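Protein chains in written order, with PDB author numbering: chain A, 1280 to 1390; chain B, 258 to 500; chain C, 224 to 445; chain D, 633 to 957; chain E, 244 to 535; chain F, 1 to 34.
Just so it is clear, CB atoms sit at the ideal spot from N, CA and C, and this is done for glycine as well.
Worksheet: the structure to be examined is printed underneath.
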RNA sequence: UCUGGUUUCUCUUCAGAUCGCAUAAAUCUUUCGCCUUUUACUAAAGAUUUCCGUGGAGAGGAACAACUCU
RNA sequence: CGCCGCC
Ligand SMILES: [Mg+2]
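Have a look at this one:
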């Protein structure tokens, strides 16, 4: 729900993307593809858990501060659009109210 | 001109334009800190005095050093300049005044007195006769050739400022807080006022670094070491009479 | 010194024919409604963008503020929205659709829409692409003066009974392309002028000051 | 219009008062009327509990509404002669035609009164019939609108019966004017009242190649295109249409954008028409955003001005209009 | 519609005939068809509110003057047969001038302005003496600036020197038809024909703007200044001054005169039901007339 | 901006911009082409 | 019958004009943005210059200048 | 409605 944090994750992840690239003196678009970062260390590579490639949402900026409006106009997050579709980190993390409803039934069944 | 000038110990001399509140000229060339500056009242130059040993004639509109007035042997604490000859008066920390030629650059006449250093000179502005300030014996001179008119009384701190009003009153402000009023005519120490510090400052931090009269010369306002501007006025009585 | 030049209209009409493929068919500044320079200056000043237009950085009018009671008293979900206020409306006239505008310029409004039939054939006033509702060969509904062809010849002196011209027609070979050159672009409606430097003349410059034709990649429109 | 109010706001900001000024979203002055006549008859009370003026309100025809709107009848005429005018024009009844007094708003707005539908003699004593208290009381009570503080127009009220105070210097002689106001629009609101939005007549000139674009950009804004006329001379030619003034906002810019600057339009005030819906309706859910193209945008269109400078809502006829004892 | 509702003198100056013919490029007969159509349309449009049934407009009444403000031409035939007259005519216009519209002239038998076509393709007198010569000036200056233009200047009798002939084709056109047509005589003769030249048409004016006032105000408002009347001058408009905070109001005087700081009884919209609830009478000794 | 929104600082954040439209909306009439 | 001059080269100040129907780079002062520090930078505002060019003016010739505008 | 490119 916190939109201002989803802007921040896209802002910060790209900033450490760029911080590694300036250590190679590169900063170049295709001299340092996102295969290099998002490949797990077990093959080699750096292995980093994306949350930037997420298509950060928007809404009408006039009526945003007024009222819960709904949803329109997805804004592109990280700058990668070639249909690689790097997985989010959020889908591998089991949500909270699901976790508590699992907790209630599991300890009930265990007793 | 509609702009003020500034100078400080960052070696920098600046022309703050007042119609925009921003620096526009930003003079350069002093090899050490920059102490005093003064404007020539008729033509558009600018005379600045430093810590190294020198004073400089900056040409406004060209920001170009017309002269470097190289004749002192230590820091040059203050400088005033006027329209009538002699043009420039530099009182320095090597205990001497000297009086300069603005045109040729050479000094006209140096004034060796003042066992301790001179740090404030001021000119009058009705008739001749400027006056200089030093820990020993604030003196008083006379413009063509320089001539020892008079010395003034025992205001014996290491004084910082001299200012003179058009009706002959003269304030000497010193480094230990004491500021002495005088008159130009006789030399009679008049008031001898010593102000307090404002609550935070310790007792031994009173000292006067600037004093200037108003254009009205009803207000005398002093900038002190207590991070405070103190603004003074007259008093409308009669019975504090002269002895 | 090659500073000044004067041509003649056949010599310039041929140059105007040769200089197509890079010269725009726009007869008036009416294609450029909300692509004018002043529309762009307003879009710069107002932090918004015409689609297909330039996107600048904000200026000193960055952040606004209104306390909660005041903007809550003016603007709730109370106003009668019917259709949204697009940004082309705000760039069009930035005063009733936009509170606090400044450093703002104010655009042009409807140059009078020149029509100008183009030609492919001789006989200059060919009268095509044009209907006509006036009933031909039979009309009267208004009273006319001198409705009595009765006075014989007394005052039409036959030395100059004639019109102002019959020694030359109302058209020739170089009056079709002459009035076609009357509505030409900027270098070609001159007949005379000065000499410009060869790097001073921008060739592909009426090209970008247009819309982008659709069906073009993202690289060429950015 | 748009450009007029633009130049107003430009001269207001940067010439006559150079303080920054917030504006609002534009919205129209709109109007009120009735569609058919009453379904009940009114009731009165004064602080003396002395009067009982029971009456109704019924529509008129739109042409004569424009006529009295546009000074075709004038109040300076002869009583029988203006009676003959309305008599032989609206095939009205003879005894009621001369019975009229001064008209609605400004004594020009079409909210006329006829005293004499129901029979000619009741009182006629001292006031006995509407002379100054009810006439000027209606003037004071027809410019301030009943339903959402917007004016009535093209709805006439006819008094059916009334009574005078015993001596209106002593009893109520200036205490029936607000009762007169309240009675008249009490009879109005019980009669299925409706609202009126203005329309603009728009004249487009447009080249033939981009001429369905104007059909789309006014058909989206609820526009009845009346006359597409190929004109002689100009190869560009004219469109003549009608659009609501609430959907005229950014009209010529939208029209001139879709036709890449070739088309052009002008817009002027036409006569008022009926919004699709009823203001009296309840059990009617209005989302805060999402404009209605619905048959119930009138209820929205009136609650969103009662939500304005406005009043409180729930205008069912129980409290200030009637008395279910 | 708003003018005849105020029953003002509806004359008309239709404009941009260069835009008719340099731009739409109509042949002369069809240009006459367009102009006859447009004058017939404004005639049939004025006669929608027929309190003034006799009042129609046509060129023959001196009621409509054609023009092109791009190139500064006055047109109308009561002023154009002057330019037929001063060079090589001796025509005695305004009987010749009221004769060229909607009737066909033909070259032999020297003149009989028929109601019929003598030759089976006979252009009218309006498109043989006045409109198509304007075509020949116009087309020969914007098509043939090098050849055939000194011939037409020698025929028209306009000398024009080497500096002013090197112009671009649009200002050269404006200068050549400015030196041809001279001054705007058509626009002022169209105002001798109509626009009732006040104190003559003052009766419906003072009737409609004032509320009655016979025997007190009506007969003196019908009079002129002749300084014996009231002051009684209207004001509808309020221009700004350059600084902006000063307003200068603006209006017409009807019977009277203001000199040097007269006390001025300022009426209002509802200050005077019969008498002034407020005046704030003013003393103004500067007032002066306006140009652009 | 077609209508309302985007990003004033495309060089601040680590994005390129290009707001899409939300293609998953639910309503009655939207289109312009067919 | 008399009056009688466009090119091209050098200087001479004035420029108030889309001096240029297009459009560089720098310095200063602030806010940005990347940033570890400094130059290379970012992209907005303000005020200044330099530079590539131009406009009207005095003079000196020479170029058919004697063809002839006048 | 499409940042980014390094001595
Ligand atoms: Mg270091």
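| query | Of all Cβ atoms in chain F, is any one closer than 7 Å to the Cβ of residue 1350(A)? | reply | The residue given as residue 1350(A) occupies position 71 in the first chain. Answer yes: the Cβ-Cβ gap between residue 1350(A) and chain F drops below 7 Å somewhere.
| request: Evaluate contact between the segment 777 to 797 of chain D and the segment 726 to 745 of chain D, counting only Cβ atoms and requiring at least three cross-stretch pairs below 8 Å. | output: yes
| query | Short check: CB of residue 268(B) to CB of residue 287(B), under 7 Å? | reply | Here residue 268(B) corresponds to residue number 11 of the second chain, with the count starting at 1. Here residue 287(B) corresponds to residue number 30 of the second chain, with the count starting at 1. Yes, the Cβ-Cβ distance between residue 268(B) and residue 287(B) is below 7 Å.
| Of all Cβ atoms in chain C, is any one closer than 7 Å to the Cβ of residue 497(E)? | On the fifth chain, residue 497(E) is found 254 positions in, with the first residue counted as 1. Judged by the 7 Å Cβ criterion, residue 497(E) is not in contact with chain C.
| task | Using a Cβ cut-off of 7 Å, pull out every chain E residue sitting near residue 648(D), in sequence order please. | result | Residue numbering aside, residue 648(D) sits at position 16 when the fourth chain is read from its first letter. Those within 7 Å of residue 648(D) in chain E are 487.
| residue 767(D) in three-state terms, based on DSSP | By 1-based counting over the fourth chain, the position of residue 767(D) is 135. If DSSP states are grouped into helix, strand and coil, residue 767(D) belongs with the helices.
| For residue 490(E), the residue or residues it bridges with in DSSP | Here residue 490(E) corresponds to residue number 247 of the fifth chain, with the count starting at 1. Paired residue(s): 483(E).
| residue 416(C) - DSSP class collapsed to helix/strand/coil | For the purposes of this step, residue 416(C) is taken as the residue at position 193 of the third chain. Reduced to three states, the DSSP call for residue 416(C) is strand.
| chain E contacts from the segment 837 to 865 of chain D (Cβ-Cβ distance under 7 Å) | 864 and 865
| Residues within the segment 240 to 259 of chain C neighbouring chain D, beta-carbon criterion of under 8 Å | 253, 254, 255, 256 and 257
| message | Checking 7 Å against the spacing of the C-beta atoms, do residue 368(B) and residue 390(B) come in under that value? | response | As a first step, residue 368(B) is located in the second chain; it is residue number 111 there, counting from the start. As a first step, residue 390(B) is located in the second chain; it is residue number 133 there, counting from the start. Cβ atoms of residue 368(B) and residue 390(B): not closer than 7 Å.
| task | Given a cut-off of 7 Å, decide if residue 660(D) and residue 873(D) are closer than it, judged by their beta-carbon atoms. | result | Counting from 1 along the fourth chain, the entry for residue 873(D) is found at position 241. Counting from 1 along the fourth chain, the entry for residue 660(D) is found at position 28. No, these two residues do not count as a Cβ contact at 7 Å.
| Beta-carbon proximity check, residue 421(E) vs residue 322(E), cutoff 7 Å | Counting from 1 along the fifth chain, the entry for residue 421(E) is found at position 178. Counting from 1 along the fifth chain, the entry for residue 322(E) is found at position 79. Against a cut-off of 7 Å, the Cβ pair of residue 322(E) and residue 421(E) comes out as no contact.
| request: Please name the residue or residues paired with residue 306(B) in a DSSP beta bridge. | output: Position 49 of the second chain, counted from the start, is the residue given in the question as residue 306(B). Paired residue(s): 293(B) and 312(B).
| task | Quick one: list the residues of chain A neighbouring residue 31(F), beta-carbon separation under 7 Å, in chain order. | result | Counting from one through the sixth chain, the residue named residue 31(F) turns up at place 31. What residue 31(F) touches in chain A: nothing, since even the nearest Cβ is about 16 Å away.
| query | With which residues is residue 285(C) paired in a DSSP beta bridge? | reply | What you label residue 285(C) is simply residue 62 of the third chain in a count that begins at 1. Its beta-bridge partners do not exist; DSSP assigns none.
| message | Suppose the cutoff is 8 Å on Cβ atoms and the five residues either side in sequence are ignored; what does the same chain contact list for residue 373(B) look like? | response | As a first step, residue 373(B) must be located in the second chain, where it is residue number 116. Excluding residues within five positions, the ones whose Cβ falls inside 8 Å are 352, 391, 392, 393 and 415.
| message | According to DSSP, residue 1335(A) sits in a beta bridge with which residue or residues? | response | For the purposes of this step, residue 1335(A) is identified with residue 56 of the first chain, where counting begins at 1. Answer is none; residue 1335(A) lacks a bridge partner.
| said: I'd like the list of long-range same chain contacts for residue 336(C), defined as Cβ closer than 8 Å, with 5 residues on each side in sequence excluded. | reply: Position 113 of the third chain, counting from 1, holds the residue named residue 336(C). Excluding residues within five positions, the ones whose Cβ falls inside 8 Å are 251 and 253.
| query | Got a sec: is the Cβ-Cβ distance from residue 342(E) to anything in chain C below 7 Å? | reply | Against the fifth chain, residue 342(E) aligns to sequence position 99. Yes - at least one Cβ of chain C is within 7 Å of the one on residue 342(E).
| message | For chain D, check one thing: does any of its Cβ atoms lie closer than 7 Å to the Cβ of residue 277(E)? | response | The count along the fifth chain starts at 1 and reaches residue 277(E) at position 34. Cβ-Cβ to chain D under 7 Å: yes for residue 277(E).
| query | Helix, strand or coil for residue 460(B) per DSSP? | reply | Within the second chain, residue 460(B) is the residue found at index 203, counting from 1. If DSSP states are grouped into helix, strand and coil, residue 460(B) belongs with the helices.
| request: Please classify residue 639(D): does DSSP put it in a helix, a strand, or coil? | output: Position 7 of the fourth chain, counted from the start, is the residue given in the question as residue 639(D). Correct three-state label for residue 639(D): helix.
| Where residue 365(B) and residue 282(C) are concerned, what is the direct C-alpha to C-alpha distance, given to the nearest angstrom? | Sequence index remark: in the second chain, residue 365(B) carries index 108 (1-based). Sequence index remark: in the third chain, residue 282(C) carries index 59 (1-based). Spanning the two alpha carbons is a distance of roughly 56 Å.
| message | Suppose contacts are defined by Cβ-Cβ distances below 7 Å. Is residue 1356(A) in contact with residue 1340(A) by that definition? | response | Numbered from its first residue, the first chain carries residue 1356(A) at position 77. Numbered from its first residue, the first chain carries residue 1340(A) at position 61. No, Cβ-Cβ distance for residue 1356(A) and residue 1340(A) is not below 7 Å.
| task | Give me whichever residues DSSP pairs with residue 357(B) in a beta bridge. | result | On the second chain, position 100 is the one that residue 357(B) refers to. According to DSSP, residue 357(B) bridges with 345(B) and 364(B).
| field | Presumed contact (8 Å Cβ cut-off) between residue 451(E) and residue 357(C), rounded CB distance | value | Counting from 1 along the fifth chain, the entry for residue 451(E) is found at position 208. Counting from 1 along the third chain, the entry for residue 357(C) is found at position 134. That belief does not hold up - the Cβ atoms of residue 451(E) and residue 357(C) are roughly 36 Å apart, past 8 Å.
| query | Between 788(D), 759(D), 787(D) and 688(D), which lies nearest to residue 750(D) when the distance is taken from Cα to Cα? | reply | Along the fourth chain, one-based indexing puts residue 750(D) at 118. Of 788(D), 759(D), 787(D) and 688(D), the residue nearest in Cα terms is 688(D).
| query | Is the CB of residue 1337(A) under 7 Å away from at least one CB in chain F? | reply | Within the first chain, residue 1337(A) is the residue found at index 58, counting from 1. At least one chain F Cβ lies under 7 Å of residue 1337(A).
| message | Can you confirm whether the segment 852 to 861 of chain D touches the segment 412 to 426 of chain C when touching is taken to mean that 3 or more C-beta pairs between the two stretches lie within less than 8 Å? | response | no
| said: I want to see whether chain D comes within less than 7 Å of residue 288(C), judged by CB atoms only; does it? | reply: What you label residue 288(C) is simply residue 65 of the third chain in a count that begins at 1. Output row for residue 288(C): interface = no.
| query | Enumerated in chain order, which unbroken segments of the alpha helix (DSSP H) with a length of 4 residues or greater are wholly contained in the segment 408 to 482 of chain E? | reply | 412 to 424, 428 to 436, 445 to 452 and 461 to 464
| field | Other residues of its chain near residue 452(C): CB distance less than 8 Å, five sequence neighbours each side excluded | value | Past the edges of chain C, shown from 224 to 445, lies residue 452(C), and the structure says nothing about it.
| Going along the segment 893 to 924 of chain D in order, which residues come within less than 8 Å of chain A, judged by CB to CB distance? | 920 and 921
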